[PDB]
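One chain follows as structure tokens, the form deposited in one PDB entry.
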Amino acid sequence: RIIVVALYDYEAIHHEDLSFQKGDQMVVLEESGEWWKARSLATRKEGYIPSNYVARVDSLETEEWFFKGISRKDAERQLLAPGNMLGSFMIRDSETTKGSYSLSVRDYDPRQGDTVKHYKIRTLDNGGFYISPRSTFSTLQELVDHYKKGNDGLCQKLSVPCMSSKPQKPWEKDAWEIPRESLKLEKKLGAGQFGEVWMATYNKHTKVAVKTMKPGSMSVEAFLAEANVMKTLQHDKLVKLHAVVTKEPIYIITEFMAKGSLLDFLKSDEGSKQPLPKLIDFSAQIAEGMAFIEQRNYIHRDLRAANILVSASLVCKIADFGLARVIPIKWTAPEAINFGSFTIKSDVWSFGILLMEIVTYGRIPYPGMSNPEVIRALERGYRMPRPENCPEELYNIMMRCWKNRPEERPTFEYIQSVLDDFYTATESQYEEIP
């Protein structure tokens, strides 16, 4: 008999899903991935729940101050998000020391400003935890209680856990292919050569974006096999593919991103208020999604700010992964223009051009130059000059992306790592403490 507790409130919106409140316990009847079948102990109702809204009773996940599967760089992002404060903290899974835990605390340095600091939490036998050998605790819960009153060596005494908002509800179960009838397409957001993008609603309670495909050269079955495969390549930095309407014209359904494209966003008023570190943070999120593509041995083919989407919390996600592989020379590598050699390394070239888009708040690449003019300039070894608000070191990344030989271009794994810690010396990623 397996009992889970509700981490968040959930209101049912489908046929068989259960509503519940935070703290509700439930008996697990089935584990089916995204949705579990359960019995509420509160309502005695049987039905489906999102499994990301529950954790085993008394597991660490149930604690306000604990964040499962969260990286150094995400801890920092979350802790730097609106809603938090000096001393805001989390205990999380250690990223570099598998099986152990780390503390992340919101701090403030005069010389640099709001920062997040990291402390290794240490474990062995005894089942105990210490950050510094003298100060020892039986449970993680005792550790947090300590560094809540007074900062015994810590940069900052702990105040309140980091802020969590509720996770995205998973798409309805068994609803990869849906009837068109399930959709209300409410606002045309854009339209072009291959179809349209619309703001829609799926069965009344879910806002989605819908891409409608003009019937083209491509087959129907040939288009769905790619979507089918693309849907399995889920990542936090790729827009979520939810569903498809298989009858012509093909509708593609993704999560809705509140801020539209990175390009429009950068050019908006709020866009122009983003300081360089944030612009750098955006690049790092994009590099992360591309690291993932890279590691799975895939290729985007059409990387640029028009194909990056911004959520309302300002999370960047790569869009149109898969599409340019079924179906703009200024973002394309010379080998790809000249011979059609598209590779992860030609995506790397595109990433450098996008990095320039971000630093220039959406200015077109090679301003005042035509496509032909660009082709020849690059052949003569020209590169865009460093803009004003661009640190030399950020510009060197761009230059490395634009090496004429594709083999000499960095990997996205290395770009991400450079972008992630652009203001942090390796030695300084984790605080010391006697």
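Rigid core here is just the name for the largest C-alpha set that superposes within 1.5 Å across the two forms. All residue numbers are counted from 1 along the displayed sequence.
What comes next is about the form deposited in another entry, which does not appear here.
Among the residues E64, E379, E46, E373, the single one whose Cα moves by at least 2 Å between the shown form and the other one, once the core is superposed, is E46. After superposing the rigid core, the Cα of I415 is displaced by less than 2 Å between the shown form and the other one. Put the two forms on the same core and the Cα of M26 is off by 2 Å or more between the shown form and the other one.
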